[PDB]
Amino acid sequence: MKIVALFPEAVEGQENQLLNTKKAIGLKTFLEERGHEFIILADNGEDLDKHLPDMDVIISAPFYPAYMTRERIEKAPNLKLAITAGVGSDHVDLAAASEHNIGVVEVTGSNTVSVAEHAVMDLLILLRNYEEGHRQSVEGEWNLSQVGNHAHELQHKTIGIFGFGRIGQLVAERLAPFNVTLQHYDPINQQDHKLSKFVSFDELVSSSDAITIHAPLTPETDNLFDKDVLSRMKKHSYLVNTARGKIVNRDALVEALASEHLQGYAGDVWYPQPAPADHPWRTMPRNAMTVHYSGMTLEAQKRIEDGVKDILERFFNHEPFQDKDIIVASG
């Protein structure tokens, strides 16, 4: 079986990174030890194309995805398994993958905590106006009026958690001790929790001091926070989205910041990814974006390495995956 991987390019010195072309999350030996062919693409597109005829299994991370469009899938008569090194498979045409009977699996669980940490950090950076505080530090300055102007304690604020699954809940736990009212909305998790009051969406949107997103990208969350929803959110509120870029309307969110309806936006997830160099989210007012590594913390890497490995093991001998892990099922 021939296994193709796309990973970020290794850089001299960065001897830590697991998920790159050099250390390639341990698969070279792991694979080449089991009789299989292993191809790491430093290519993305065009060098991808020359493997489509024969790749048995494709592998990539959401942070740096090999897009499996219908176009590409149809070219891959050998392909049986698309593994997402991480969580988030929107880089794969599920519909076509389904129709060609390719399986699609990601490593559920592997980086939930990481992402929670990143989100509460974002709350803090946003409310505390860390950005201004650090700019002034860096730029020679010392001006408390202008930092002060947007600096808030997180304490006593009301936080709305949109999507109260694994990460939503991890975020509640860590936010609870900061003395803050929690509300959440989830289709299903619609009971009060020890930590959060269930609330309608309408209500989450309008009553939250800031909102953090922990919802999947489904037909309902697709472009959910458009001009209309942003509009309905409290004036001067904040928004944190480390779930998926597309939930939040690229352009609407800009107009919301520039007009100052929204006090700030942070998160680490983009449409599309990689974020093109001129993505307006990079440059826009009062942002605390980072590039997309929150679920790619170093420790997160081991967890991913170990999942991809376990998957490939089960795959190679017809052992059935944990349901956790299956996006599209295959025979």
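Don't overthink the numbering: it's just position in the shown sequence, from 1.
J.: On average, are the C-alpha B-factors higher in 39-47 or in 281-289?
T.: Mean CA B-factor is higher for 39-47.
J.: Using only the Cα atoms and their B-factors as the entry lists them, report which of 199-207 and 238-246 averages higher.
T.: 199-207 has the higher mean C-alpha B-factor.
J.: So if I compare the CA B-factors in the entry for 84, 183, 169, 189, which one is the largest?
T.: Within the set 84, 183, 169, 189, 189 shows the top C-alpha B-factor.
J.: Pick out which of 58, 298, 304, 31 has the highest C-alpha B-factor in the PDB entry.
T.: Max CA B-factor in the entry, restricted to 58, 298, 304, 31: 31.
J.: Among all modelled residues of this chain, ranked by Cα B factor, put residue 157 in the bottom, middle or top third, i.e. lowest, middle or highest.
T.: Bottom third by C-alpha B-factor.
J.: Tell me, lowest, middle or highest third: where does the Cα B factor of residue 66 rank within its chain?
T.: Residue 66: CA B-factor falls in the highest third of its chain.
J.: C-alpha B factor of residue 327, ranked within the chain: lowest, middle or highest third?
T.: Within its chain, residue 327 is a middle-third residue by C-alpha B-factor, going by the deposited values.
J.: Comparing against every modelled residue in the chain, figure out the third that the C-alpha B-factor of residue 311 lands in (lowest, middle or highest).
T.: Ranked within chain, residue 311 CA B lands in the highest tercile.
J.: Based on the entry's values, in what third of the chain does the Cα temperature factor of residue 109 lie: lowest, middle or highest?
T.: Highest third - that is where residue 109 ends up once the chain's C-alpha B-factors are sorted.
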